[PDB]
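Let me begin by handing over the structure; questions about it come next.
Ideal geometry is used to build each Cβ from the backbone, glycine not excepted, and the neighbour counts take in all protein chains shown. Nothing in this text is a laboratory measurement; each read-out follows from the coordinates by a stated rule.
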């Protein structure tokens, strides 16, 4: 019965180790996701939460009809 | 001996042999704020899929 059907204890053991490693990495990355999102919204120096502003290509630098501008 | 200019002669753009320096800061502005850093590096794939709840991929 053990030869034909059952998984070896070595196989199940190392499978458990791999599952533990993968899920621990995912948990750490999720915690870093929450902290990075909090810091980025609190500071605003990152690519995320880059709220739009007025483009500076619309500024006309040509000389006008009035010298005071 | 003064000649009256014709039509459009006074409306030409001219050049002036001046000696005053060009004002480098005519608008009395200040230092510009530092822009955000850009994105650099290759697009590596996502680590272990979407990492959203039980979805492995």
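Which condition does residue A:43 not pass, out of (1) exposed (fewer than 10 other Cβ atoms within 10 Å of the Cβ); (2) more than 12 Å from chain B (Cβ to nearest Cβ); (3) under 26 Å from residue B:50 (Cα atoms), if it passes all the others?
(2)
Residue-by-condition table, conditions (1) surrounded by 10 or more Cβ atoms within 10 Å (Cβ to Cβ); (2) more than 13 Å from chain A (Cβ to nearest Cβ); (3) over 26 Å from the mean Cα position of the chain (by Cα); (4) not in a loop (DSSP other than H, G, I, E, B):
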| residue | (1), (2), (3), (4) |
| --- | --- |
| B:3 | no, yes, yes, no |
| B:22 | no, yes, no, no |
| B:36 | yes, no, no, no |
| B:42 | no, yes, yes, no |
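For the stretch A:48-64, check the following and say yes or no: at least one residue is in contact with a helix residue (DSSP H, G or I) (Cβ under 9 Å, 6 or more places away or on another chain) and within 12 Å of chain B (Cβ to nearest Cβ).
Within the stretch A:48-64 (the criterion being in contact with a helix residue (DSSP H, G or I) (Cβ under 9 Å, 6 or more places away or on another chain) and within 12 Å of chain B (Cβ to nearest Cβ)), the answer is yes, since at least one residue qualifies.
Let's see how each residue does on (1) surrounded by fewer than 10 Cβ atoms within 10 Å (Cβ to Cβ); (2) away from chain B (no Cβ under 14 Å); (3) under 18 Å from residue B:55 (Cα atoms):
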position	(1), (2), (3)
A:9	yes, yes, no
A:14	no, yes, no
A:26	no, no, yes
A:30	no, no, yes
A:33	no, no, yes
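Output the number of the condition that residue A:49 fails; it satisfies all remaining conditions of (1) in a helix (DSSP H, G or I); (2) surrounded by 11 or more Cβ atoms within 10 Å (Cβ to Cβ).
(1)
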